[PDB]
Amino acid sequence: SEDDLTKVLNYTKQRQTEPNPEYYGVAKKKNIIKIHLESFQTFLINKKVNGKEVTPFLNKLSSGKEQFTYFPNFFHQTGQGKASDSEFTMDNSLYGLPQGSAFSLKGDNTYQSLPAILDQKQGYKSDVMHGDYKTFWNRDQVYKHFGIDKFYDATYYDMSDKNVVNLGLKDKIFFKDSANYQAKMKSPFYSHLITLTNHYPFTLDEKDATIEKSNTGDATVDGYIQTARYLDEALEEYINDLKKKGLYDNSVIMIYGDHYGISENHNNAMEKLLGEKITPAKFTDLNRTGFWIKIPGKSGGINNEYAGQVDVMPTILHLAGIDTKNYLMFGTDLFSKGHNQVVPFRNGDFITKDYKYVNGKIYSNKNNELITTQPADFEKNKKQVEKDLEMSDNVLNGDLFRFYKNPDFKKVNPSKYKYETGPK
């Protein structure tokens, strides 16, 4: 078992990258605000429906002219755990499981998570806020193992009928109430806001909608237009509130889609909406779910690096100025010159700058045309993808952090974490 951990640690060493001196430590002990966009795909960016921009605020952020650096080639790497898989990868730089939910199944594994590292190295307190109850996706148990200090679940918000739709709290009230809670917290904090309204089947009361549905005939695609606009408006007002509360200028703020919202079941309607046949290659392209990051003292822009959610943890750690040599991570720092531009997907497909590998076939990213003669680096990349998934799975299945005496990590005692019922 210890030997199994050793094999994984040795494997994760080669990819390690040095921080970019332009970015190294620039956000040390600054508040970090992390905003989850439920089911958000970047095909929405700059998309109009009936002449209206679906997501006008995110469109502005994606210009690069609004203090955020936008990554247009950024992919979720999730499976059956959906939001829970995204959360798992974002805070650990590990993959979820190939079947089922790592949160549900591995919630009492030992972890060396991002929030715990920030707490230990720099005195952060970490929190999650979400307008649903705490034991969904086993979050209550998992967060204690991740070393999250506070969980503002649905008991912290008014869950009356007027404030809820679909799975729980409406995003607009969620963001408003959440900014109010953040204003009352001691710095430095690491705060993760998990949204909810832009979730299958994508239903929104007419009174709350500010855009008409598309007319594809597919209720899922047509409804998605409205819930995406609603989320964009919710986020815009949230950013305004941060400015009013003095929580904008000196915070790291990152924004990310958790995973795709529209499956291949909806290919007929998506062809109508996007004006292009949804081939397997095109569907892979549509798994772009976006990353936006604002860093104090840095201007925004557009960074075309191909990347995945596994890369977020080492990025944040390097921004804080924390040495990552001893952390078992599969991702690499987005701003580092040596960033590894290979993005494994959970099903064994993958993407690189130049090509994608989808259901056993290779396509050029330029035109999604089939590539007939193997790229020089293909076998190397395919081996990396397969081994990354196997090695990550070995950590989870073997609960291998039990055996890691990490000099840069103090073992979490999960029993020291408790999330009290909120006032509402």
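Start at 1 and count along the sequence shown; that's the residue number.
- Message: Tell me which stretch, 203 to 211 or 115 to 123, has the higher mean Cα B-factor listed in the entry.
- Response: Stretch with the greater average CA B-factor: 203 to 211.
- Could you settle it for me: does 241 to 249 or 173 to 181 have the higher average Cα B factor in the PDB entry? Of 173 to 181 and 241 to 249, the stretch with the higher C-alpha B-factor average is 241 to 249.
- Message: Among the choices 344, 188, 96, 223, identify the one whose CA B-factor in the record is greatest.
- Response: The C-alpha B-factor peaks, among 344, 188, 96, 223, at 188.
- Item | Out of 296, 261, 290, 79, highest CA B-factor residue | Max CA B-factor in the entry, restricted to 296, 261, 290, 79: 296.
- Message: Test of reading the entry: by CA B factor among the chain's modelled residues, which third contains residue 284?
- Response: Middle third - that is where residue 284 ends up once the chain's C-alpha B-factors are sorted.
- Task: State the tercile, meaning the lowest, middle or highest third, of residue 36 with respect to the CA B-factors recorded for its chain.
- Result: Residue 36: CA B-factor falls in the lowest third of its chain.
- Message: Please say which third, lowest, middle or highest, residue 376 falls into when its CA temperature factor is compared across its chain.
- Response: For residue 376, the deposited C-alpha B-factor lands in the highest third.
- residue 70 - Cα temperature factor, lowest/middle/highest third of chain: Lowest third, going by the recorded CA B-factors of the chain.
- Compare the C-alpha B factor of residue 362 with those of the other modelled residues in its chain, then answer lowest, middle or highest third. Residue 362: CA B-factor falls in the highest third of its chain.
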